[PDB]
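Encoded as structure tokens, the structure appears first; notes follow it.
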Amino acid sequence: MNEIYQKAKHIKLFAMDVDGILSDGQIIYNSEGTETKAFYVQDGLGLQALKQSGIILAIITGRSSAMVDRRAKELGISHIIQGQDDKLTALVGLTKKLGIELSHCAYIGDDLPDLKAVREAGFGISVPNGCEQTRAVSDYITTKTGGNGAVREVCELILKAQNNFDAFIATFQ
Amino acid sequence: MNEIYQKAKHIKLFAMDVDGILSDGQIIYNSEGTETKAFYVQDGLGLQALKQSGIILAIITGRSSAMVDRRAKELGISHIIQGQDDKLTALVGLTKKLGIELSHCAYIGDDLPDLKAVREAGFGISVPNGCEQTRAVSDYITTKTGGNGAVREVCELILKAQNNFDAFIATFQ
Amino acid sequence: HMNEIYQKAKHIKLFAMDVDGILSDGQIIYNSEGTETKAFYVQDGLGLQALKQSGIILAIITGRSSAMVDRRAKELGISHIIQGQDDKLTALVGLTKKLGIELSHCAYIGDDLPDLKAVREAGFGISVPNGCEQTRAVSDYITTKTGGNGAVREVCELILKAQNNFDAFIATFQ
Amino acid sequence: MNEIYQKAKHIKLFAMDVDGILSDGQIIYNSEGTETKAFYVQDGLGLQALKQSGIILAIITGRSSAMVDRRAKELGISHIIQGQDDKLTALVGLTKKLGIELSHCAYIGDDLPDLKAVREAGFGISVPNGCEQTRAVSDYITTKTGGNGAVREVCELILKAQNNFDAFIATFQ
Ligand SMILES: O=C(O)[C@@]1(O)C[C@@H](O)[C@@H](O)[C@@H]([C@H](O)CO)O1
Ligand SMILES: O=C(O)[C@@]1(O)C[C@@H](O)[C@@H](O)[C@@H]([C@H](O)CO)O1
Ligand SMILES: O=C(O)[C@@]1(O)C[C@@H](O)[C@@H](O)[C@@H]([C@H](O)CO)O1
Ligand SMILES: O=C(O)[C@@]1(O)C[C@@H](O)[C@@H](O)[C@@H]([C@H](O)CO)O1
Ligand SMILES: [Mg+2]
Ligand SMILES: [Mg+2]
Ligand SMILES: [Mg+2]
Ligand SMILES: [Mg+2]
């Protein structure tokens with residue numbers, strides 16, 4: 001847990017995958033051509049906290065949806081990359097647009113397109129529903145599953161590692 | 001048992017958070033622009049019993065939708081405060097608007113905005129899926145999770161504390 | 001409790017279901033366009049059709065009221081659909097007088113207090129792991145599978161086994 | 001662990017039930033007459049993988065919807081058969097039309113309509129949520145449930161049977 005905290009302490013960008021991370025991985029369709037996606041309410045509040053403690057937020061996702069666009073904006077997530085399977089490339093790109101390198105990125109994913117990004121990121125994170133290969137290259141596995149607070153969980157972990165957890169807690173005490 | 005019963009026994013007003021308490025915390029979006037939210041049937045029954053026992057019911061949530069409006073109104077929940085993250089201030093307002101006292105209020109919530117209100121209501125309640133900071137400040141933690149009968153459970157428990165449970169049960173025999 | 005349950009299920013002619021908490025897991029779902037959604041379980045479908053095919057009359061008795069229930073009820077051959085009814089025991093007896101059969105031959109399943117009297121008086125009353133304590137204490141049988149997750153299928157199989165239609169029912173797919 | 005490794009190995013056709021396998025079995029309806037079905041994101045990648053190793057994919061399903069044909073088209077499943085409970089007929093019908101043996105078909109089912117098709121396929125699979133009889137007639141039962149990575153799991157098993165797994169992982173390392 002020592003080495004976990006170093007990696008997190010130095011994080012400047014938090015980059016999330018969507019399906020399996022911000023959601024439980026359910027891809028929903030109905031009979032009139034409309035897709036649906038479910039997100040988790042405590043995730044948003046934890047992401048609002050990291051936003052405001054200086055850390056910038058991004059989404060890199062293989063699919064493309066209005067739901068993701070819609071959710072990211074209300075959460076103050078700023079960089080929205082959709083229809084991108086090549087995750088490490090996308091991550092590196094942001095690093096150079098924002099002037100902080102790979103060492104300064106956190107990234108969280110559940111599945112194979114994610115592994116290289118979770119491997120090279122300064123702080124790579126997977127979840128219990130992530131395949132075994134992505135988990136093995138991760139610096140941290142969440143207690144919680146995607147769509148059920150894994151994102152909020154790492155949100156707190158980084159805030160703890162940056163010493164902004166107590167300030168964030170005190171705001172609501 | 002009793003250190004928790006006398007807290008519940010002089011409750012006049014029962015106020016609730018929505019997301020994580022009335023629902024399981026899923027924020028559901030779709031590619032048409034429609035939001036969706038799921039509630040639990042047995043919660044309806046519990047609340048109706050509470051209202052019929054003499055208890056005023058309230059909703060204080062930080063989000064805003066028709067769904068909460070629909071649900072509240074079928075359940076005869078008279079005070080519906082939406083779009084409001086500062087729960088304690090809204091709860092005191094009710095206390096004054098209605099001429100009650102914080103001592104006679106029950107507040108249930110699952111996350112940080114709820115902390116002060118859960119803390120300052122005479123009978124504070126949270127849930128297993130709840131924040132550890134919000135839990136550490138509550139007088140009771142439900143066994144059921146939000147959107148799975150946490151609310152019904154606490155309706156049953158308040159009714160017991162008032163000696164109205166057996167009568168309520170008896171209505172259906 | 002083990003072999004007396006066999007006896008009550010063998011003479012069932014009418015099988016009547018609560019919806020929310022029984023056919024569905026009890027999620028009541030609304031959206032911003034004003035639309036209501038409800039979920040049902042696929043294996044319950046197949047179990048109903050099989051009960052129906054063995055000569056059993058099927059009935060829905062629910063306190064809420066929606067098109068989803070009418071839509072589901074149609075596809076499954078459920079002929080008697082009573083919606084917007086909290087007074088279950090009396091709607092059931094109403095069916096039982098309309099079909100001219102007694103409560104002894106009526107199976108009823110419910111999960112909550114409104115279903116209590118019906119589960120109690122029915123010839124064979126069933127509850128679920130997720131029903132309240134009171135309606136359960138009153139059931140002749142409690143399912144292993146939860147509402148919306150097979151509770152109906154499980155009781156269907158049960159009635160067929162107690163009717164020597166089970167092994168014939170499996171045979172059709174063997 | 002074997003029996004299965006040998007029993008798979010010579011699979012050219014992989015055919016799947018939908019309700020209970022690709023989904024968790026919830027049949028979802030709404031008040032505008034709209035029907036919804038959920039699929040699982042990690043199964044998708046699993047299916048592309050098998051399809052990429054040279055294996056032909058098929059759905060055979062008792063019901064019929066836009067959701068299934070949509071999800072099949074995006075996942076490149078080529079043979080989609082709806083409105084058919086006679087799954088052993090249609091699969092045999094597929095084994096002739098395409099020139100494959102049955103011993104080379106793998107088939108996954110969860111309920112009685114799938115019993116025959118599972119039993120007599122070269123490699124027969126069921127899930128934990130499947131009924132007694134269909135499970136007792138299967139060669140392999142997934143650990144993960146229908147609509148939660150059961151399809152993904154067999155996708156990995158087959159690729160590992162055909163010594164094609166490590167190639168797939170490597171693509172992402
Ligand atoms: O609508 C509900 O949530 C509720 O639990 C409230 C009850 O008054 C009654 O309508 C009940 C029925 O048992 C389910 O329709 O549902
Ligand atoms: O919409 C949310 O996900 C969020 O977490 C955002 C927060 O600012 C706050 O509104 C939060 C509350 O817990 C809901 O009232 O919801
Ligand atoms: O729709 C269902 O619930 C049911 O179980 C009943 C039938 O319509 C039949 O097609 C069956 C299939 O085994 C699954 O679709 O589904
Ligand atoms: O759409 C999917 O099911 C799938 O798993 C397919 C993959 O090609 C890949 O794009 C994947 C993403 O990792 C999730 O959006 O989605
Ligand atoms: Mg993912
Ligand atoms: Mg909340
Ligand atoms: Mg019910
Ligand atoms: Mg099926």
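Each chain in the structure tokens gets a letter, A, B and so on, in the order shown; residues start at 1 in every chain, and ligands are counted from 1 in the order they appear.
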
| task | Using only C-alpha atoms and all ligand atoms, find each protein or nucleic acid residue lying at most 10 Å from ligand 3; present the set as a ChimeraX atom specification. | result | /C:40-50,72,75-76,153 /D:17-20,25-27,60-64,82-87,109-114

May I have the selected residues written with N, CA and C atoms, as a CSV table (one decimal), in the first residue's frame?
chain,number,residue,atom,x,y,z
C,40,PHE,N,-39.7,-8.8,-16.8
C,40,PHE,CA,-40.1,-10.2,-16.5
C,40,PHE,C,-39.0,-11.2,-16.8
C,41,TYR,N,-39.2,-12.4,-16.2
C,41,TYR,CA,-38.1,-13.4,-16.4
C,41,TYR,C,-38.5,-14.4,-17.4
C,42,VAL,N,-37.5,-14.7,-18.3
C,42,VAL,CA,-37.8,-15.5,-19.5
C,42,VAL,C,-38.2,-17.0,-19.1
C,43,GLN,N,-37.5,-17.5,-18.1
C,43,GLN,CA,-37.8,-18.9,-17.7
C,43,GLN,C,-39.2,-19.1,-17.1
C,44,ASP,N,-39.7,-18.0,-16.5
C,44,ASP,CA,-41.1,-18.0,-16.0
C,44,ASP,C,-42.0,-18.3,-17.1
C,45,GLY,N,-41.8,-17.6,-18.2
C,45,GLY,CA,-42.6,-17.8,-19.4
C,45,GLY,C,-42.9,-19.2,-19.8
C,46,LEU,N,-41.8,-20.0,-19.9
C,46,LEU,CA,-41.8,-21.3,-20.4
C,46,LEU,C,-42.6,-22.2,-19.4
C,47,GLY,N,-42.3,-22.0,-18.1
C,47,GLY,CA,-43.0,-22.7,-17.0
C,47,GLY,C,-44.5,-22.4,-16.9
C,48,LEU,N,-45.0,-21.2,-17.2
C,48,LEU,CA,-46.4,-20.9,-17.3
C,48,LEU,C,-47.1,-21.7,-18.4
C,49,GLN,N,-46.6,-21.5,-19.7
C,49,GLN,CA,-47.1,-22.2,-20.9
C,49,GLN,C,-47.3,-23.7,-20.6
C,50,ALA,N,-46.4,-24.3,-19.8
C,50,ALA,CA,-46.4,-25.7,-19.5
C,50,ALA,C,-47.5,-26.0,-18.6
C,72,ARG,N,-47.5,-8.9,-21.4
C,72,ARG,CA,-46.9,-10.1,-20.9
C,72,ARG,C,-47.9,-11.2,-20.8
C,75,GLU,N,-49.0,-12.8,-24.1
C,75,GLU,CA,-48.0,-13.7,-24.8
C,75,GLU,C,-47.9,-15.1,-24.1
C,76,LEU,N,-48.3,-15.2,-22.9
C,76,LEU,CA,-48.2,-16.4,-22.1
C,76,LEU,C,-49.4,-17.2,-21.9
C,153,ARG,N,-41.3,-20.1,-12.1
C,153,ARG,CA,-40.9,-21.3,-12.8
C,153,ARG,C,-40.8,-22.4,-11.9
D,17,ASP,N,-27.8,-19.5,-27.8
D,17,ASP,CA,-29.1,-19.0,-27.4
D,17,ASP,C,-29.0,-17.5,-27.0
D,18,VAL,N,-30.1,-16.8,-27.0
D,18,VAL,CA,-30.0,-15.3,-26.6
D,18,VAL,C,-30.5,-15.1,-25.1
D,19,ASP,N,-31.8,-15.4,-24.8
D,19,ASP,CA,-32.3,-15.0,-23.5
D,19,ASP,C,-31.7,-16.0,-22.5
D,20,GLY,N,-31.0,-15.5,-21.5
D,20,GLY,CA,-30.3,-16.4,-20.5
D,20,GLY,C,-28.9,-16.6,-20.8
D,25,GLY,N,-31.5,-12.9,-19.1
D,25,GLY,CA,-32.9,-13.4,-19.1
D,25,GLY,C,-34.0,-12.5,-18.7
D,26,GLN,N,-33.7,-11.2,-18.4
D,26,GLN,CA,-34.8,-10.2,-18.2
D,26,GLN,C,-35.5,-9.9,-19.5
D,27,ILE,N,-36.8,-10.2,-19.6
D,27,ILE,CA,-37.6,-9.6,-20.8
D,27,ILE,C,-38.2,-8.4,-20.3
D,60,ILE,N,-29.4,-18.6,-32.4
D,60,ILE,CA,-30.7,-19.3,-32.6
D,60,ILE,C,-31.5,-19.0,-31.4
D,61,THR,N,-32.7,-18.3,-31.6
D,61,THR,CA,-33.5,-17.8,-30.5
D,61,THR,C,-34.9,-18.0,-30.7
D,62,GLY,N,-35.6,-18.3,-29.6
D,62,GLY,CA,-37.1,-18.5,-29.6
D,62,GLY,C,-37.9,-17.3,-29.9
D,63,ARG,N,-37.4,-16.1,-29.5
D,63,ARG,CA,-38.2,-14.9,-29.7
D,63,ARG,C,-37.6,-14.1,-30.9
D,64,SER,N,-37.9,-12.8,-31.0
D,64,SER,CA,-37.6,-12.1,-32.2
D,64,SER,C,-37.6,-10.6,-31.9
D,82,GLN,N,-34.3,-16.3,-35.7
D,82,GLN,CA,-35.2,-15.9,-34.6
D,82,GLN,C,-36.5,-16.7,-34.8
D,83,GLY,N,-37.4,-16.5,-33.8
D,83,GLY,CA,-38.7,-17.2,-33.9
D,83,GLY,C,-38.6,-18.7,-34.1
D,84,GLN,N,-37.7,-19.3,-33.3
D,84,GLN,CA,-37.5,-20.8,-33.4
D,84,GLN,C,-37.0,-21.4,-32.1
D,85,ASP,N,-37.9,-22.2,-31.5
D,85,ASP,CA,-37.7,-22.9,-30.3
D,85,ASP,C,-37.1,-24.3,-30.6
D,86,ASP,N,-37.3,-24.8,-31.9
D,86,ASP,CA,-36.7,-26.0,-32.3
D,86,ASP,C,-35.2,-25.8,-32.7
D,87,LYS,N,-34.4,-25.6,-31.6
D,87,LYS,CA,-33.0,-25.2,-31.8
D,87,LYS,C,-32.1,-26.3,-32.4
D,109,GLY,N,-26.8,-23.2,-24.2
D,109,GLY,CA,-28.2,-23.0,-23.9
D,109,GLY,C,-28.5,-22.9,-22.4
D,110,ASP,N,-29.7,-22.4,-22.0
D,110,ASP,CA,-30.0,-22.2,-20.6
D,110,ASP,C,-31.3,-22.9,-20.2
D,111,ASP,N,-32.1,-23.3,-21.2
D,111,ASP,CA,-33.5,-23.8,-20.9
D,111,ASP,C,-33.8,-25.0,-21.7
D,112,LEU,N,-34.9,-25.7,-21.4
D,112,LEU,CA,-35.4,-26.9,-22.0
D,112,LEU,C,-35.4,-26.8,-23.6
D,113,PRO,N,-35.8,-25.7,-24.2
D,113,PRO,CA,-35.8,-25.7,-25.7
D,113,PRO,C,-34.4,-26.0,-26.2
D,114,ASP,N,-33.4,-25.7,-25.5
D,114,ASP,CA,-32.0,-25.9,-25.9
D,114,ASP,C,-31.4,-27.3,-25.5

| task | Kindly work out which residues sit at most 9 Å from ligand 1, using only C-alpha atoms and all ligand atoms, and give the list as a ChimeraX atom specification. | result | /B:39-49,71,74-75 /C:18-21,26,28,62-65,83-86,110-115

Selection from above, C-alpha atoms, as a compact mmCIF listing (two decimals), in the first residue's frame, can you write it?
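Result file out_8.txt:
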# COMPACT_ATOMS: atom_id res chain seq x y z
CA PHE B 39 -37.73 2.41 -7.33
CA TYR B 40 -38.75 -0.52 -5.15
CA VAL B 41 -42.40 -1.64 -4.78
CA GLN B 42 -42.28 -2.69 -1.07
CA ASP B 43 -40.96 0.77 -0.24
CA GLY B 44 -44.23 2.22 -1.46
CA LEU B 45 -46.21 0.11 1.01
CA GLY B 46 -43.95 0.96 3.95
CA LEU B 47 -44.24 4.70 3.35
CA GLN B 48 -48.01 4.66 2.89
CA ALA B 49 -48.26 2.93 6.27
CA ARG B 71 -43.18 8.48 -7.53
CA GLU B 74 -48.47 8.36 -6.06
CA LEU B 75 -47.00 7.66 -2.58
CA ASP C 18 -49.11 -11.33 -7.90
CA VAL C 19 -46.89 -9.32 -10.35
CA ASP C 20 -44.45 -6.96 -8.57
CA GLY C 21 -42.03 -8.92 -6.44
CA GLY C 26 -40.12 -5.61 -7.64
CA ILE C 28 -40.82 -0.02 -10.39
CA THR C 62 -52.09 -7.10 -9.18
CA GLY C 63 -52.58 -3.80 -7.29
CA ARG C 64 -50.83 -1.71 -9.89
CA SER C 65 -52.07 -1.39 -13.49
CA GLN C 83 -55.10 -5.07 -12.32
CA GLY C 84 -55.56 -2.21 -9.89
CA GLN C 85 -56.66 -4.57 -7.11
CA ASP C 86 -55.23 -4.45 -3.57
CA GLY C 110 -47.60 -13.16 -3.41
CA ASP C 111 -44.78 -11.32 -1.72
CA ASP C 112 -46.21 -8.56 0.43
CA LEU C 113 -49.00 -7.81 2.96
CA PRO C 114 -51.78 -7.28 0.42
CA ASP C 115 -51.23 -10.90 -0.70

| query | What is the atom CA of residue 90 of chain C to atom CA of residue 122 of chain C distance in Å? | reply |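 Separating atom CA of residue 90 of chain C from atom CA of residue 122 of chain C is a distance of 11.2 Å.
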
| field | DSSP alpha helix (DSSP H) residues within chain D, listed as an NGL selection string | value | :D and (4-9 or 41-52 or 66-74 or 87-97 or 115-120 or 132-136 or 150-161 or 165-171)

Go ahead and save the residues from that selection, with C-alpha atoms, as a short mmCIF file (atom, residue, chain, number, x, y, z; two decimals), in the first residue's frame.
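Output contents, as saved in part_6.cif:
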data_model
loop_
_atom_site.label_atom_id
_atom_site.label_comp_id
_atom_site.auth_asym_id
_atom_site.auth_seq_id
_atom_site.Cartn_x
_atom_site.Cartn_y
_atom_site.Cartn_z
CA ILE D 4 -13.66 -30.29 -22.47
CA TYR D 5 -10.35 -29.25 -24.00
CA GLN D 6 -10.55 -32.28 -26.30
CA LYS D 7 -14.35 -31.96 -26.82
CA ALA D 8 -13.98 -28.33 -27.97
CA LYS D 9 -10.68 -28.37 -30.00
CA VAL D 41 -19.78 -5.79 -23.13
CA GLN D 42 -17.03 -8.36 -22.40
CA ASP D 43 -18.89 -11.05 -24.40
CA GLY D 44 -18.65 -8.85 -27.47
CA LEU D 45 -14.85 -8.74 -27.56
CA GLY D 46 -14.92 -12.51 -26.84
CA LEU D 47 -17.08 -13.12 -29.94
CA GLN D 48 -14.99 -10.98 -32.30
CA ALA D 49 -11.95 -12.99 -31.13
CA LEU D 50 -13.39 -16.40 -31.99
CA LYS D 51 -14.64 -14.95 -35.25
CA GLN D 52 -11.15 -13.61 -35.91
CA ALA D 66 -34.54 -5.53 -33.49
CA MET D 67 -32.17 -5.77 -30.43
CA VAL D 68 -30.85 -9.20 -31.40
CA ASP D 69 -30.25 -8.42 -35.08
CA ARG D 70 -28.64 -5.12 -34.04
CA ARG D 71 -26.29 -6.80 -31.56
CA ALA D 72 -25.53 -9.60 -34.03
CA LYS D 73 -24.70 -7.16 -36.83
CA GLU D 74 -22.28 -5.13 -34.69
CA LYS D 87 -32.99 -25.23 -31.81
CA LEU D 88 -31.69 -28.76 -32.71
CA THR D 89 -33.45 -28.60 -36.09
CA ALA D 90 -32.10 -25.13 -37.01
CA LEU D 91 -28.53 -25.92 -35.90
CA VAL D 92 -28.59 -29.18 -37.89
CA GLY D 93 -30.07 -27.07 -40.71
CA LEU D 94 -27.01 -24.84 -40.28
CA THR D 95 -24.61 -27.75 -40.19
CA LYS D 96 -25.81 -28.92 -43.63
CA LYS D 97 -26.21 -25.55 -45.43
CA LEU D 115 -31.73 -29.41 -24.29
CA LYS D 116 -31.46 -31.40 -27.54
CA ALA D 117 -29.20 -28.92 -29.32
CA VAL D 118 -26.79 -28.97 -26.32
CA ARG D 119 -26.70 -32.81 -25.90
CA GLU D 120 -25.97 -33.66 -29.52
CA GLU D 132 -31.44 -28.98 -14.10
CA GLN D 133 -31.90 -30.98 -17.34
CA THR D 134 -30.11 -28.73 -19.80
CA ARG D 135 -27.17 -28.51 -17.34
CA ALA D 136 -26.98 -32.29 -16.73
CA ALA D 150 -20.74 -16.70 -19.83
CA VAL D 151 -20.21 -16.18 -23.59
CA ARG D 152 -16.82 -14.53 -23.03
CA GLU D 153 -15.75 -17.46 -20.83
CA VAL D 154 -16.35 -20.16 -23.49
CA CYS D 155 -14.75 -17.83 -26.10
CA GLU D 156 -11.57 -18.02 -24.01
CA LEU D 157 -11.95 -21.77 -23.43
CA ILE D 158 -12.22 -22.53 -27.19
CA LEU D 159 -9.29 -20.28 -28.17
CA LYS D 160 -7.25 -22.03 -25.47
CA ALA D 161 -8.44 -25.37 -26.86
CA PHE D 165 -5.50 -17.70 -26.78
CA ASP D 166 -1.91 -16.46 -26.26
CA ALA D 167 -1.99 -14.94 -29.77
CA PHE D 168 -5.11 -12.95 -28.76
CA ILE D 169 -3.73 -11.62 -25.45
CA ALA D 170 -0.47 -10.68 -27.27
CA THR D 171 -2.38 -8.41 -29.70
#

Pairing the C-alpha atoms in order across the whole chain, superpose chain A onto chain D by least squares and write the result as a compact mmCIF listing (two decimals) with C-alpha atoms, in the first residue's frame.
# COMPACT_ATOMS: atom_id res chain seq x y z
CA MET A 1 -10.89 -30.86 -18.15
CA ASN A 2 -9.01 -33.15 -20.56
CA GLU A 3 -12.13 -34.26 -22.46
CA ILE A 4 -13.49 -30.70 -22.31
CA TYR A 5 -10.49 -29.53 -24.38
CA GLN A 6 -10.86 -32.21 -27.13
CA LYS A 7 -14.48 -31.26 -27.83
CA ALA A 8 -13.63 -27.54 -27.98
CA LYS A 9 -10.40 -28.07 -29.99
CA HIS A 10 -12.45 -29.41 -32.89
CA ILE A 11 -15.15 -26.68 -32.88
CA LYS A 12 -15.91 -24.74 -36.10
CA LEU A 13 -19.27 -23.14 -35.37
CA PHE A 14 -20.32 -21.39 -32.17
CA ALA A 15 -24.07 -21.17 -31.82
CA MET A 16 -25.61 -19.21 -29.00
CA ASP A 17 -29.03 -18.94 -27.46
CA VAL A 18 -29.94 -15.30 -26.50
CA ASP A 19 -32.15 -15.00 -23.42
CA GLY A 20 -30.35 -16.30 -20.34
CA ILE A 21 -27.04 -16.61 -22.24
CA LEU A 22 -26.23 -13.43 -24.09
CA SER A 23 -28.59 -11.68 -21.63
CA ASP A 24 -29.48 -12.28 -17.97
CA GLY A 25 -32.98 -13.36 -19.08
CA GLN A 26 -34.77 -10.08 -18.30
CA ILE A 27 -37.64 -9.52 -20.82
CA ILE A 28 -38.33 -5.77 -20.66
CA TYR A 29 -41.42 -3.87 -21.79
CA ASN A 30 -42.45 -0.26 -21.42
CA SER A 31 -45.83 1.53 -21.56
CA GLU A 32 -45.40 2.75 -25.17
CA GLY A 33 -45.08 -0.80 -26.61
CA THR A 34 -41.24 -0.89 -26.75
CA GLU A 35 -39.22 -3.99 -25.74
CA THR A 36 -35.73 -3.69 -24.28
CA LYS A 37 -32.85 -6.18 -24.00
CA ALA A 38 -29.52 -5.96 -22.18
CA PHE A 39 -26.26 -7.55 -23.39
CA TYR A 40 -22.81 -7.69 -21.78
CA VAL A 41 -19.79 -5.78 -23.06
CA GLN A 42 -17.02 -8.34 -22.60
CA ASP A 43 -19.10 -10.93 -24.43
CA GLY A 44 -18.73 -8.94 -27.66
CA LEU A 45 -14.93 -8.77 -27.53
CA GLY A 46 -14.68 -12.52 -26.88
CA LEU A 47 -16.97 -13.28 -29.81
CA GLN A 48 -14.97 -10.91 -32.03
CA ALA A 49 -11.91 -12.97 -31.11
CA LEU A 50 -13.50 -16.36 -32.07
CA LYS A 51 -14.83 -14.86 -35.33
CA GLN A 52 -11.40 -13.89 -36.39
CA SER A 53 -9.71 -17.19 -35.37
CA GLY A 54 -11.82 -18.93 -38.04
CA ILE A 55 -14.89 -19.98 -36.01
CA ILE A 56 -18.24 -18.88 -37.34
CA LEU A 57 -20.91 -17.41 -35.13
CA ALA A 58 -24.66 -18.01 -35.02
CA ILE A 59 -27.70 -17.17 -32.86
CA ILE A 60 -30.69 -19.49 -32.53
CA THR A 61 -33.40 -17.83 -30.41
CA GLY A 62 -37.08 -18.56 -29.64
CA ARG A 63 -38.04 -14.88 -29.67
CA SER A 64 -37.71 -12.23 -32.36
CA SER A 65 -36.32 -8.73 -31.78
CA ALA A 66 -34.58 -5.77 -33.44
CA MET A 67 -32.16 -5.73 -30.45
CA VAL A 68 -30.80 -9.18 -31.33
CA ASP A 69 -30.59 -8.32 -35.00
CA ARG A 70 -28.78 -5.10 -34.07
CA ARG A 71 -26.35 -6.69 -31.58
CA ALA A 72 -25.41 -9.70 -33.76
CA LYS A 73 -24.43 -7.53 -36.76
CA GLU A 74 -22.10 -5.24 -34.79
CA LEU A 75 -20.48 -8.33 -33.26
CA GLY A 76 -19.98 -9.91 -36.66
CA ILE A 77 -22.37 -12.73 -35.81
CA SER A 78 -23.52 -13.93 -39.22
CA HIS A 79 -26.32 -16.46 -38.91
CA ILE A 80 -29.30 -15.08 -37.05
CA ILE A 81 -32.15 -17.51 -36.44
CA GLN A 82 -35.02 -15.96 -34.43
CA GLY A 83 -38.50 -17.21 -33.57
CA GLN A 84 -37.13 -20.76 -33.50
CA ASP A 85 -37.88 -22.98 -30.50
CA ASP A 86 -36.78 -26.17 -32.30
CA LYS A 87 -33.04 -25.64 -31.69
CA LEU A 88 -31.47 -28.97 -32.75
CA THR A 89 -33.25 -28.81 -36.10
CA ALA A 90 -31.99 -25.26 -36.67
CA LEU A 91 -28.42 -26.26 -35.72
CA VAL A 92 -28.42 -29.31 -38.05
CA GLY A 93 -29.64 -26.99 -40.84
CA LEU A 94 -26.64 -24.66 -40.52
CA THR A 95 -24.29 -27.64 -40.39
CA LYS A 96 -25.45 -28.64 -43.90
CA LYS A 97 -25.40 -25.07 -45.28
CA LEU A 98 -21.80 -24.68 -44.02
CA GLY A 99 -20.35 -28.18 -44.65
CA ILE A 100 -19.31 -29.16 -41.13
CA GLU A 101 -21.40 -31.49 -39.01
CA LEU A 102 -22.76 -31.65 -35.45
CA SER A 103 -19.39 -32.74 -34.07
CA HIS A 104 -18.04 -29.38 -35.30
CA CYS A 105 -20.65 -27.22 -33.53
CA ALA A 106 -20.51 -25.61 -30.09
CA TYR A 107 -23.85 -24.67 -28.57
CA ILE A 108 -24.77 -22.79 -25.43
CA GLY A 109 -28.22 -22.53 -23.81
CA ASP A 110 -29.96 -22.17 -20.42
CA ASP A 111 -33.41 -23.67 -20.80
CA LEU A 112 -35.48 -26.61 -22.10
CA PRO A 113 -35.82 -25.73 -25.84
CA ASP A 114 -31.99 -25.90 -25.77
CA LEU A 115 -31.32 -29.28 -24.23
CA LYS A 116 -31.35 -31.52 -27.41
CA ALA A 117 -28.96 -29.06 -29.14
CA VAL A 118 -26.64 -28.90 -26.06
CA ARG A 119 -26.87 -32.78 -25.88
CA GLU A 120 -26.00 -33.63 -29.50
CA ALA A 121 -23.63 -30.73 -30.18
CA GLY A 122 -19.93 -31.68 -30.27
CA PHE A 123 -19.50 -29.29 -27.34
CA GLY A 124 -22.66 -28.49 -25.34
CA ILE A 125 -22.54 -25.69 -22.79
CA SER A 126 -25.00 -24.49 -20.14
CA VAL A 127 -24.85 -21.77 -17.46
CA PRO A 128 -25.48 -21.59 -13.64
CA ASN A 129 -28.93 -20.00 -14.26
CA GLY A 130 -29.85 -22.82 -16.73
CA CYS A 131 -32.38 -25.40 -15.47
CA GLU A 132 -30.96 -28.64 -14.03
CA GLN A 133 -31.97 -30.74 -17.08
CA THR A 134 -30.03 -28.66 -19.59
CA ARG A 135 -27.02 -28.50 -17.24
CA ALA A 136 -26.98 -32.29 -16.83
CA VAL A 137 -26.56 -32.85 -20.58
CA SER A 138 -23.96 -30.20 -21.02
CA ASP A 139 -20.27 -30.88 -21.57
CA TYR A 140 -19.40 -27.69 -19.59
CA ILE A 141 -21.00 -25.29 -17.07
CA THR A 142 -19.72 -21.68 -16.99
CA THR A 143 -18.51 -19.96 -13.83
CA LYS A 144 -20.25 -16.82 -15.01
CA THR A 145 -23.97 -16.33 -15.42
CA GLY A 146 -25.72 -15.33 -18.67
CA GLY A 147 -25.52 -11.62 -19.42
CA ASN A 148 -22.52 -11.35 -17.11
CA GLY A 149 -19.79 -13.00 -19.20
CA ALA A 150 -20.67 -16.68 -19.66
CA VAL A 151 -20.29 -16.14 -23.40
CA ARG A 152 -16.87 -14.44 -23.07
CA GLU A 153 -15.83 -17.26 -20.73
CA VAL A 154 -16.51 -20.03 -23.31
CA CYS A 155 -15.03 -17.80 -25.98
CA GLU A 156 -11.73 -17.95 -24.16
CA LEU A 157 -12.09 -21.66 -23.41
CA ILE A 158 -12.40 -22.55 -27.13
CA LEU A 159 -9.56 -20.17 -28.09
CA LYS A 160 -7.44 -21.95 -25.47
CA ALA A 161 -8.50 -25.33 -26.86
CA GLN A 162 -7.64 -24.18 -30.39
CA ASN A 163 -4.34 -22.69 -29.26
CA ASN A 164 -5.27 -19.14 -30.32
CA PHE A 165 -5.69 -17.73 -26.83
CA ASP A 166 -2.08 -16.50 -26.50
CA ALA A 167 -2.19 -14.93 -29.99
CA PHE A 168 -5.39 -13.16 -29.00
CA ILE A 169 -3.87 -12.01 -25.68
CA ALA A 170 -0.63 -10.82 -27.32
CA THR A 171 -2.58 -8.52 -29.67
CA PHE A 172 -3.33 -6.25 -26.67
CA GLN A 173 0.06 -6.63 -24.95

| DSSP strand (DSSP E) residues within segment 4-127 of chain A, as a PyMOL selection string | chain A and resi 13-16+26-30+35-40+56-61+79-82+105-108+123-126
